[PDB]
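Novice: Take a look at my_file_10.cif, mmCIF, C-alpha atoms:
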data_upload
#
loop_
_atom_site.label_atom_id
_atom_site.label_comp_id
_atom_site.auth_asym_id
_atom_site.auth_seq_id
_atom_site.Cartn_x
_atom_site.Cartn_y
_atom_site.Cartn_z
CA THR C 2 -0.67 21.23 10.39
CA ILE C 3 2.48 19.12 10.15
CA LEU C 4 0.84 17.10 7.37
CA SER C 5 0.84 20.26 5.26
CA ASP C 6 4.59 20.54 5.80
CA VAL C 7 4.95 16.93 4.66
CA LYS C 8 2.86 17.65 1.57
CA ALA C 9 5.16 20.59 0.83
CA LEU C 10 8.07 18.11 0.86
CA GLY C 11 6.25 16.02 -1.77
CA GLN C 12 4.86 13.15 0.31
CA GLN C 13 1.27 12.12 0.89
CA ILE C 14 0.13 10.66 4.20
CA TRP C 15 -2.61 8.03 3.93
CA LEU C 16 -4.56 6.25 6.68
CA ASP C 17 -3.81 2.52 7.02
CA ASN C 18 -7.28 1.61 8.27
CA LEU C 19 -10.83 1.32 6.95
CA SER C 20 -14.14 0.54 8.62
CA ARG C 21 -17.78 1.54 8.33
CA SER C 22 -17.63 3.65 11.49
CA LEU C 23 -14.41 5.40 10.38
CA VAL C 24 -16.48 6.93 7.60
CA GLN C 25 -19.91 7.30 9.19
CA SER C 26 -18.49 8.92 12.35
CA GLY C 27 -16.97 11.72 10.28
CA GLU C 28 -13.52 10.69 11.50
CA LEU C 29 -12.14 10.12 8.00
CA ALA C 30 -13.42 13.48 6.75
CA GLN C 31 -11.83 15.18 9.78
CA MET C 32 -8.49 13.47 9.01
CA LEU C 33 -8.60 14.73 5.42
CA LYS C 34 -9.03 18.25 6.79
CA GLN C 35 -5.66 17.77 8.55
CA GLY C 36 -3.94 16.75 5.32
CA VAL C 37 -4.50 12.98 5.08
CA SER C 38 -5.02 12.23 1.39
CA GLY C 39 -5.89 8.55 0.98
CA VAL C 40 -6.78 5.27 2.64
CA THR C 41 -5.47 1.70 2.53
CA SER C 42 -7.05 -1.55 3.66
CA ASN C 43 -6.13 -5.23 3.68
CA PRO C 44 -7.78 -8.45 4.92
CA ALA C 45 -6.50 -8.06 8.48
CA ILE C 46 -7.87 -4.51 8.67
CA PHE C 47 -11.24 -5.74 7.44
CA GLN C 48 -11.28 -8.71 9.82
CA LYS C 49 -10.80 -6.34 12.74
CA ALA C 50 -13.40 -3.90 11.41
CA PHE C 51 -16.05 -6.59 10.95
CA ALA C 52 -15.30 -8.07 14.40
CA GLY C 53 -15.58 -4.80 16.31
CA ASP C 54 -17.79 -2.32 14.43
CA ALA C 55 -21.44 -2.16 15.50
CA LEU C 56 -22.58 -0.71 12.18
CA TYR C 57 -22.35 -4.03 10.31
CA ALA C 58 -24.89 -5.93 12.42
CA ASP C 59 -28.08 -5.06 10.53
CA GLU C 60 -26.53 -5.72 7.13
CA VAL C 61 -25.04 -9.03 8.25
CA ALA C 62 -28.48 -10.15 9.44
CA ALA C 63 -30.03 -9.09 6.13
CA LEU C 64 -27.34 -10.76 4.03
CA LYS C 65 -27.66 -14.01 6.00
CA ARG C 66 -31.21 -14.23 4.67
CA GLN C 67 -29.94 -14.11 1.08
CA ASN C 68 -28.48 -16.86 -1.07
CA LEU C 69 -24.85 -15.76 -0.93
CA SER C 70 -21.47 -17.23 -0.12
CA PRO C 71 -19.69 -15.84 2.95
CA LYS C 72 -17.20 -14.24 0.55
CA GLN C 73 -20.03 -12.52 -1.32
CA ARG C 74 -21.41 -11.23 1.98
CA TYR C 75 -17.97 -9.86 2.90
CA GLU C 76 -17.55 -8.26 -0.52
CA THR C 77 -20.96 -6.58 -0.41
CA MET C 78 -20.14 -4.91 2.90
CA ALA C 79 -16.52 -4.06 2.06
CA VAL C 80 -17.38 -2.60 -1.35
CA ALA C 81 -19.94 -0.36 0.34
CA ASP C 82 -17.33 0.83 2.84
CA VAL C 83 -14.83 1.49 0.03
CA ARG C 84 -17.40 3.43 -1.98
CA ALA C 85 -18.24 5.53 1.09
CA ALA C 86 -14.57 6.27 1.78
CA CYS C 87 -13.98 7.10 -1.88
CA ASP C 88 -16.78 9.65 -1.75
CA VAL C 89 -15.24 11.25 1.37
CA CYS C 90 -11.90 11.41 -0.52
CA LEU C 91 -13.32 12.60 -3.85
CA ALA C 92 -12.76 16.35 -3.33
CA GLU C 93 -9.10 15.65 -2.51
CA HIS C 94 -8.78 13.45 -5.62
CA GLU C 95 -10.32 16.09 -7.87
CA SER C 96 -8.31 18.95 -6.34
CA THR C 97 -5.06 17.45 -7.69
CA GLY C 98 -6.47 16.39 -11.06
CA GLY C 99 -6.84 12.78 -9.98
CA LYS C 100 -3.38 12.26 -8.52
CA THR C 101 -4.34 11.74 -4.85
CA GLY C 102 -7.32 10.72 -2.74
CA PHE C 103 -7.30 6.95 -3.39
CA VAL C 104 -8.85 4.14 -1.36
CA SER C 105 -7.44 0.61 -1.76
CA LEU C 106 -9.29 -2.73 -1.57
CA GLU C 107 -7.27 -5.97 -1.69
CA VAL C 108 -8.26 -9.05 -3.68
CA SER C 109 -8.61 -12.38 -1.90
CA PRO C 110 -5.25 -13.67 -0.58
CA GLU C 111 -6.19 -17.09 -1.98
CA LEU C 112 -5.45 -15.72 -5.47
CA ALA C 113 -1.91 -14.52 -4.78
CA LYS C 114 -0.18 -17.07 -7.06
CA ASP C 115 -2.93 -17.09 -9.71
CA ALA C 116 -2.48 -14.28 -12.24
CA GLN C 117 -5.64 -14.94 -14.25
CA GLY C 118 -7.82 -15.34 -11.17
CA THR C 119 -6.35 -12.15 -9.75
CA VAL C 120 -7.11 -10.25 -12.96
CA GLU C 121 -10.67 -11.56 -12.95
CA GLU C 122 -11.32 -10.64 -9.32
CA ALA C 123 -9.65 -7.24 -9.68
CA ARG C 124 -11.79 -6.40 -12.71
CA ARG C 125 -14.91 -7.52 -10.86
CA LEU C 126 -14.15 -5.49 -7.73
CA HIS C 127 -13.13 -2.48 -9.85
CA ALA C 128 -16.53 -2.63 -11.55
CA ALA C 129 -18.39 -3.19 -8.25
CA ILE C 130 -16.78 -0.21 -6.50
CA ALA C 131 -17.49 2.07 -9.47
CA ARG C 132 -15.33 4.95 -8.21
CA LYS C 133 -12.58 6.70 -10.13
CA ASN C 134 -10.49 7.03 -6.95
CA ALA C 135 -10.44 3.34 -6.01
CA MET C 136 -7.32 1.20 -6.31
CA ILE C 137 -7.30 -2.58 -6.33
CA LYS C 138 -4.58 -3.98 -4.06
CA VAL C 139 -2.62 -6.99 -5.32
CA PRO C 140 0.34 -8.77 -3.64
CA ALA C 141 3.60 -8.37 -5.55
CA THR C 142 4.24 -12.06 -6.13
CA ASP C 143 5.43 -13.00 -9.61
CA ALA C 144 1.80 -13.77 -10.51
CA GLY C 145 0.71 -10.42 -9.09
CA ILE C 146 3.24 -8.64 -11.29
CA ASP C 147 1.86 -10.56 -14.29
CA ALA C 148 -1.62 -9.40 -13.27
CA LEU C 149 -0.37 -5.83 -12.78
CA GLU C 150 0.65 -5.54 -16.42
CA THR C 151 -2.78 -6.77 -17.54
CA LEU C 152 -4.71 -4.53 -15.15
CA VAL C 153 -2.69 -1.46 -16.12
CA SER C 154 -3.39 -2.23 -19.79
CA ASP C 155 -7.09 -2.36 -18.80
CA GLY C 156 -6.79 1.14 -17.33
CA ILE C 157 -7.21 0.00 -13.70
CA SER C 158 -5.30 1.71 -10.88
CA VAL C 159 -3.44 -0.71 -8.63
CA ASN C 160 -1.75 -0.78 -5.23
CA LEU C 161 0.92 -3.49 -5.42
CA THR C 162 1.58 -4.72 -1.86
CA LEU C 163 3.83 -6.94 0.26
CA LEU C 164 7.01 -5.65 -1.36
CA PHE C 165 10.16 -6.24 0.69
CA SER C 166 12.69 -6.57 -2.17
CA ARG C 167 14.31 -3.93 -4.35
CA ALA C 168 14.59 -6.45 -7.19
CA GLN C 169 10.91 -7.40 -6.99
CA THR C 170 9.96 -3.71 -6.92
CA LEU C 171 11.99 -3.07 -10.10
CA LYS C 172 10.23 -6.01 -11.76
CA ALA C 173 6.92 -4.36 -10.88
CA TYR C 174 7.99 -1.09 -12.50
CA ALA C 175 8.87 -2.97 -15.71
CA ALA C 176 5.46 -4.65 -15.77
CA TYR C 177 3.76 -1.29 -15.24
CA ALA C 178 5.73 0.17 -18.15
CA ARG C 179 4.72 -2.75 -20.40
CA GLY C 180 1.06 -2.15 -19.56
CA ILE C 181 1.37 1.58 -20.26
CA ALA C 182 3.18 0.87 -23.54
CA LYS C 183 0.33 -1.45 -24.59
CA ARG C 184 -2.23 1.29 -24.00
CA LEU C 185 -0.22 3.84 -25.93
CA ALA C 186 0.12 1.41 -28.84
CA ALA C 187 -3.69 1.09 -28.89
CA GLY C 188 -4.23 4.86 -28.75
CA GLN C 189 -5.70 4.62 -25.26
CA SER C 190 -5.47 7.10 -22.42
CA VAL C 191 -2.93 6.67 -19.63
CA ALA C 192 -3.15 9.98 -17.76
CA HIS C 193 -5.61 8.69 -15.10
CA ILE C 194 -3.83 5.41 -14.31
CA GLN C 195 -2.14 5.53 -10.90
CA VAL C 196 -0.07 2.75 -9.32
CA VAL C 197 1.66 2.63 -5.94
CA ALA C 198 4.27 0.12 -4.76
CA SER C 199 3.70 -0.63 -1.05
CA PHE C 200 7.14 -1.35 0.38
CA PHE C 201 7.02 -2.66 3.93
CA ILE C 202 9.14 -1.19 6.71
CA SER C 203 8.72 -2.36 10.30
CA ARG C 204 8.54 -6.08 9.50
CA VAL C 205 12.13 -6.01 8.22
CA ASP C 206 13.44 -4.64 11.52
CA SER C 207 11.22 -7.00 13.51
CA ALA C 208 12.70 -9.94 11.61
CA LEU C 209 16.35 -8.95 11.96
CA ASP C 210 16.90 -6.78 15.02
CA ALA C 211 17.52 -9.69 17.42
CA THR C 212 20.30 -11.08 15.20
CA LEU C 213 21.90 -7.67 14.49
CA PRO C 214 24.61 -5.96 16.53
CA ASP C 215 23.55 -2.93 18.54
CA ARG C 216 24.85 -0.42 15.99
CA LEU C 217 22.55 -1.81 13.27
CA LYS C 218 19.38 -2.50 15.26
CA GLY C 219 16.50 -0.50 13.85
CA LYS C 220 18.48 0.57 10.77
CA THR C 221 17.86 -2.03 8.06
CA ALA C 222 14.32 -1.15 7.00
CA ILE C 223 15.04 2.56 6.57
CA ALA C 224 18.30 1.82 4.73
CA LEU C 225 16.48 -0.54 2.37
CA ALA C 226 13.78 2.09 1.73
CA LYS C 227 16.38 4.77 0.98
CA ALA C 228 18.04 2.48 -1.55
CA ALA C 229 14.67 1.54 -3.06
CA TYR C 230 13.90 5.24 -3.51
CA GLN C 231 17.16 5.68 -5.38
CA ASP C 232 16.24 2.72 -7.58
CA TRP C 233 12.96 4.53 -8.31
CA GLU C 234 14.79 7.73 -9.23
CA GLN C 235 16.90 5.77 -11.70
CA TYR C 236 14.15 3.70 -13.28
CA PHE C 237 11.69 6.54 -13.89
CA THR C 238 14.33 8.94 -15.25
CA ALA C 239 15.81 6.45 -17.75
CA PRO C 240 15.16 7.24 -21.44
CA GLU C 241 12.69 4.35 -21.79
CA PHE C 242 10.30 5.66 -19.15
CA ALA C 243 10.97 9.27 -20.14
CA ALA C 244 9.47 8.52 -23.55
CA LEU C 245 6.32 7.18 -21.87
CA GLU C 246 6.11 10.11 -19.46
CA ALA C 247 6.29 12.44 -22.46
CA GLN C 248 3.09 10.76 -23.73
CA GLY C 249 1.26 11.39 -20.45
CA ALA C 250 2.22 8.38 -18.35
CA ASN C 251 2.40 8.74 -14.58
CA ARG C 252 5.27 7.28 -12.59
CA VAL C 253 4.55 4.57 -10.07
CA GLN C 254 5.10 5.99 -6.58
CA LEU C 255 6.66 4.20 -3.64
CA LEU C 256 4.37 3.86 -0.63
CA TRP C 257 5.88 3.09 2.76
CA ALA C 258 3.71 0.59 4.64
CA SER C 259 4.00 -1.12 8.02
CA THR C 260 5.21 2.20 9.41
CA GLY C 261 3.82 1.78 12.91
CA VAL C 262 6.69 1.23 15.30
CA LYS C 263 6.59 -2.20 16.95
CA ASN C 264 9.67 -1.90 19.18
CA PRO C 265 9.09 0.34 22.24
CA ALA C 266 12.79 1.29 22.33
CA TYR C 267 12.38 3.28 19.09
CA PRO C 268 10.59 6.65 18.72
CA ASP C 269 6.95 6.11 17.76
CA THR C 270 7.37 8.45 14.74
CA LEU C 271 10.63 6.85 13.56
CA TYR C 272 9.40 5.49 10.26
CA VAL C 273 7.32 8.52 9.29
CA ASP C 274 10.01 11.04 10.31
CA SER C 275 12.76 9.11 8.52
CA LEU C 276 11.20 8.44 5.08
CA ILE C 277 9.86 11.81 3.86
CA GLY C 278 10.72 12.55 0.24
CA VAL C 279 9.24 13.76 -3.01
CA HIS C 280 6.77 11.68 -5.03
CA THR C 281 6.09 9.14 -2.27
CA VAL C 282 3.28 8.06 0.06
CA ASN C 283 3.37 6.81 3.65
CA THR C 284 0.30 4.94 4.92
CA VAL C 285 0.09 5.08 8.71
CA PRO C 286 -2.02 3.35 11.37
CA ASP C 287 -4.22 5.69 13.37
CA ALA C 288 -2.05 5.61 16.51
CA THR C 289 1.01 6.53 14.46
CA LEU C 290 -0.91 9.28 12.64
CA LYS C 291 -1.86 10.76 16.02
CA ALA C 292 1.72 10.49 17.29
CA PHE C 293 3.05 12.22 14.17
CA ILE C 294 0.53 15.06 14.37
CA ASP C 295 1.42 15.41 18.07
CA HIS C 296 5.22 15.38 17.88
CA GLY C 297 6.43 14.33 14.43
CA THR C 298 9.02 16.19 12.39
CA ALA C 299 8.65 17.21 8.73
CA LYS C 300 12.07 17.25 7.06
CA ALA C 301 13.43 15.89 3.77
CA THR C 302 14.98 12.79 5.29
CA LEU C 303 14.45 10.11 2.63
CA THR C 304 17.26 11.47 0.42
CA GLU C 305 19.56 12.35 3.33
CA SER C 306 22.69 10.26 3.90
CA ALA C 307 22.10 7.82 1.08
CA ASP C 308 25.71 6.62 1.19
CA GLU C 309 25.35 5.67 4.86
CA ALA C 310 22.29 3.60 3.95
CA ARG C 311 24.34 1.72 1.35
CA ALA C 312 27.17 1.19 3.83
CA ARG C 313 24.72 -0.33 6.29
CA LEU C 314 23.22 -2.65 3.67
CA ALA C 315 26.74 -3.79 2.76
CA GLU C 316 27.52 -4.45 6.42
CA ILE C 317 24.42 -6.47 6.81
CA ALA C 318 25.29 -8.56 3.77
CA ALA C 319 28.78 -9.07 5.23
CA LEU C 320 27.20 -10.37 8.46
CA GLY C 321 25.64 -13.17 6.42
CA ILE C 322 22.13 -11.71 6.17
CA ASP C 323 20.60 -12.07 2.69
CA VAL C 324 17.89 -9.44 2.32
CA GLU C 325 16.60 -11.07 -0.88
CA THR C 326 15.87 -14.32 0.93
CA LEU C 327 14.35 -12.31 3.77
CA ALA C 328 12.03 -10.53 1.34
CA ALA C 329 10.70 -13.81 -0.07
CA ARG C 330 10.16 -15.11 3.46
CA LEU C 331 8.38 -11.96 4.63
CA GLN C 332 6.15 -11.95 1.54
CA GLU C 333 5.14 -15.56 2.20
CA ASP C 334 4.54 -14.91 5.91
CA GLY C 335 2.46 -11.87 5.02
CA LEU C 336 0.30 -13.83 2.59
CA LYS C 337 -0.26 -16.53 5.22
CA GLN C 338 -1.30 -13.92 7.79
CA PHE C 339 -3.70 -12.31 5.32
CA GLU C 340 -5.14 -15.75 4.46
CA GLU C 341 -5.71 -16.51 8.13
CA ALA C 342 -7.38 -13.13 8.69
CA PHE C 343 -9.61 -13.63 5.64
CA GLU C 344 -10.67 -17.10 6.80
CA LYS C 345 -11.39 -15.64 10.25
CA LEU C 346 -13.50 -12.87 8.68
CA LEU C 347 -15.54 -15.30 6.59
CA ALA C 348 -16.38 -17.80 9.33
CA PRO C 349 -19.07 -15.68 11.07
CA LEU C 350 -20.64 -14.74 7.71
CA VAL C 351 -21.58 -18.30 6.92
#
Starting from the file, give its structure as structure tokens.
Specialist:
Amino acid sequence: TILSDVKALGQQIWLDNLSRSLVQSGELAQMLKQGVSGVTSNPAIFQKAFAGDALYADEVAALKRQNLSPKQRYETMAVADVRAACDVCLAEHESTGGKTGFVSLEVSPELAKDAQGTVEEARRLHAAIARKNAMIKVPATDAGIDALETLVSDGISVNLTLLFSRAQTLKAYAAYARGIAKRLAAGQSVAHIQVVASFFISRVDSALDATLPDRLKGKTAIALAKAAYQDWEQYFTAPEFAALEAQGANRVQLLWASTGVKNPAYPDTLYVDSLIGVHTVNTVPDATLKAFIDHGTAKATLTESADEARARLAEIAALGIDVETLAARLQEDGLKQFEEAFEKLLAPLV
């Protein structure tokens, strides 16, 4: 079980897919037996599930005879799938005292710039799921980071997504800390609040590799992740956070997302093999999970050769590539794609 070797190195592997049949077939439970320890979804994942999974047909027909919006029909079916996956993951969650075994459901992409509307929908979905091991997924726009602070102060666990920027990630940590501080000032618990920061990998290489010289192709995303991990080590060890951790606060954990390899010239396990380190998560598509179980390597690679990663990022800046601008552009493109998938999902539910 290579996933056990990864766990021993301090990283969780989650499945970047969710559907009704994934659960009802027993496939998810069988993955957990191999060492998978969580599940992520997003609007594109759900659009594909609803389009291809036979198990929705009866419920769709029933819901079409009710007075509901298409979005309400979607939410009814997706919440049920999330609850079912949470129950499959509950033993894992309990075995670590609530530190693992999460399933993520994303709010509507229409809300990405609306902090108050995001808070309201996140609270509603949190209440609808009614599972201690559910996370609400929120894009890390400025409004999403505003919402993160509020939701953390409400005691809600959050998966902050579409991060491509080290600066934006550090802003998210600061908002998390403000929410935790608020709870401590009100004498509230913090020990069960878990937050992950989903930092995207392959899309960075896909955006840049054509413009980069041969020596740097396929290097930027891993280099950026290695630097982000070092930022995390700094932030969460500083005296400010240390004082919160001493009162029971959990650190945010980095979660590597978009770790399926899109370029056939690269090894199919490149992102998983290259980003293993302590106190992190990697969420993988099913084909990548299978490839990693088949021929992946479990080694402590995330903290290897950190200076080389910095040298590469400096060379990329010197070539006139601004990774901050790229991050804003990738976050926008990702929101657009999620909006398009969500609209596509809703159309047949009308």
Novice: Let me know the residues the PyMOL selection byres ((chain C and resi 38) around 12) catches in the file above, as an mmCIF file with C-alpha atoms, in the frame of the given file.
Specialist:
data_model
loop_
_atom_site.group_PDB
_atom_site.id
_atom_site.type_symbol
_atom_site.label_atom_id
_atom_site.label_comp_id
_atom_site.auth_asym_id
_atom_site.auth_seq_id
_atom_site.Cartn_x
_atom_site.Cartn_y
_atom_site.Cartn_z
ATOM 1 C CA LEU C 4 0.840 17.100 7.370
ATOM 2 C CA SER C 5 0.840 20.260 5.260
ATOM 3 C CA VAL C 7 4.950 16.930 4.660
ATOM 4 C CA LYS C 8 2.860 17.650 1.570
ATOM 5 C CA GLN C 12 4.860 13.150 0.310
ATOM 6 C CA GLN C 13 1.270 12.120 0.890
ATOM 7 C CA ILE C 14 0.130 10.660 4.200
ATOM 8 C CA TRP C 15 -2.610 8.030 3.930
ATOM 9 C CA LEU C 16 -4.560 6.250 6.680
ATOM 10 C CA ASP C 17 -3.810 2.520 7.020
ATOM 11 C CA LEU C 29 -12.140 10.120 8.000
ATOM 12 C CA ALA C 30 -13.420 13.480 6.750
ATOM 13 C CA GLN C 31 -11.830 15.180 9.780
ATOM 14 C CA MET C 32 -8.490 13.470 9.010
ATOM 15 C CA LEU C 33 -8.600 14.730 5.420
ATOM 16 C CA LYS C 34 -9.030 18.250 6.790
ATOM 17 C CA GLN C 35 -5.660 17.770 8.550
ATOM 18 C CA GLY C 36 -3.940 16.750 5.320
ATOM 19 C CA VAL C 37 -4.500 12.980 5.080
ATOM 20 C CA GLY C 39 -5.890 8.550 0.980
ATOM 21 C CA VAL C 40 -6.780 5.270 2.640
ATOM 22 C CA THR C 41 -5.470 1.700 2.530
ATOM 23 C CA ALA C 86 -14.570 6.270 1.780
ATOM 24 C CA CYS C 87 -13.980 7.100 -1.880
ATOM 25 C CA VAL C 89 -15.240 11.250 1.370
ATOM 26 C CA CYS C 90 -11.900 11.410 -0.520
ATOM 27 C CA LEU C 91 -13.320 12.600 -3.850
ATOM 28 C CA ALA C 92 -12.760 16.350 -3.330
ATOM 29 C CA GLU C 93 -9.100 15.650 -2.510
ATOM 30 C CA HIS C 94 -8.780 13.450 -5.620
ATOM 31 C CA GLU C 95 -10.320 16.090 -7.870
ATOM 32 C CA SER C 96 -8.310 18.950 -6.340
ATOM 33 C CA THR C 97 -5.060 17.450 -7.690
ATOM 34 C CA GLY C 99 -6.840 12.780 -9.980
ATOM 35 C CA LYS C 100 -3.380 12.260 -8.520
ATOM 36 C CA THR C 101 -4.340 11.740 -4.850
ATOM 37 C CA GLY C 102 -7.320 10.720 -2.740
ATOM 38 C CA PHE C 103 -7.300 6.950 -3.390
ATOM 39 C CA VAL C 104 -8.850 4.140 -1.360
ATOM 40 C CA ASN C 134 -10.490 7.030 -6.950
ATOM 41 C CA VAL C 282 3.280 8.060 0.060
ATOM 42 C CA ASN C 283 3.370 6.810 3.650
ATOM 43 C CA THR C 284 0.300 4.940 4.920
ATOM 44 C CA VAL C 285 0.090 5.080 8.710
#
Novice: Given the PyMOL selection byres ((chain C and resi 336) around 12) and the file above, list the residues it selects as a ChimeraX atom specification.
Specialist: /C:43-45,107-114,139-142,162-164,329-335,337-343
Novice: Quick one: pull the distance between CA of residue 63 (chain C) and CA of residue 21 (chain C), Å, one decimal.
Specialist: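 Interatomic distance, CA of residue 63 (chain C) to CA of residue 21 (chain C): 16.4 Å.
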Novice: Hey, what's within 6 Å of region 125-132 of chain C if we count all atoms listed in the file and toss same-chain stuff fewer than 2 positions away? As a PyMOL selection string, please?
Specialist: chain C and resi 80+84+122-123+134-135
Novice: With only C-alpha atoms as the atoms that count, which of C:256, C:247, C:175, C:213 lies nearest to residue 197 (chain C)?
Specialist: C:256
Novice: Just want the 6 Å neighbourhood of residue 165 (chain C), counted on all atoms listed in the file, with same-chain residues fewer than 4 positions away dropped. Output as a VMD selection string.
Specialist: chain C and resid 200 to 201 328
Novice: Excluding same-chain residues fewer than 3 positions from residue 268 (chain C), what lies within 12 Å of it counting all atoms listed in the file, as a list in words?
Specialist: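 Counting only the stated atoms, we get residues 219, 260, 261, 262, 263, 264, 265, 271, 272, 273, 274, 275, 289, 292, 293, 296, 297 and 298 of chain C.
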Novice: Taking all atoms of region 279-291 of chain C that appear in the file, build a box with edges along x, y and z, extend it by 3 Å on every side, and state its centre and edge lengths in Å to one decimal, as lines of an AutoDock Vina configuration file.
Specialist:
center_x = 2.5
center_y = 8.6
center_z = 5.7
size_x = 19.5
size_y = 16.4
size_z = 27.5
Novice: Could you please give me, as a ChimeraX atom specification, the residues of protein, DNA or RNA lying at most 6 Å from (-3.4, 0.0, -6.2) in the coordinate frame of the file, considering all atoms listed in the file?
Specialist: /C:136-138,158-161,196-197
Novice: Between CA of residue 251 (chain C) and CA of residue 181 (chain C), what is the distance, to one decimal in Å?
Specialist: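 Value for the CA of residue 251 (chain C)-CA of residue 181 (chain C) distance: 9.2 Å.
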Novice: Quick check, in Å to one decimal: how far apart do CA of residue 74 (chain C) and CA of residue 61 (chain C) lie?
Specialist: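 About the pair CA of residue 74 (chain C) and CA of residue 61 (chain C): they are 7.6 Å apart.
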Novice: Could you check the closest approach to residue 242 (chain C) for each of C:46, C:182, C:225, C:153 and tell me which residue wins, using all atoms listed in the file?
Specialist: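 Going through C:46, C:182, C:225, C:153 one by one, the smallest distance to residue 242 (chain C) is for C:182.
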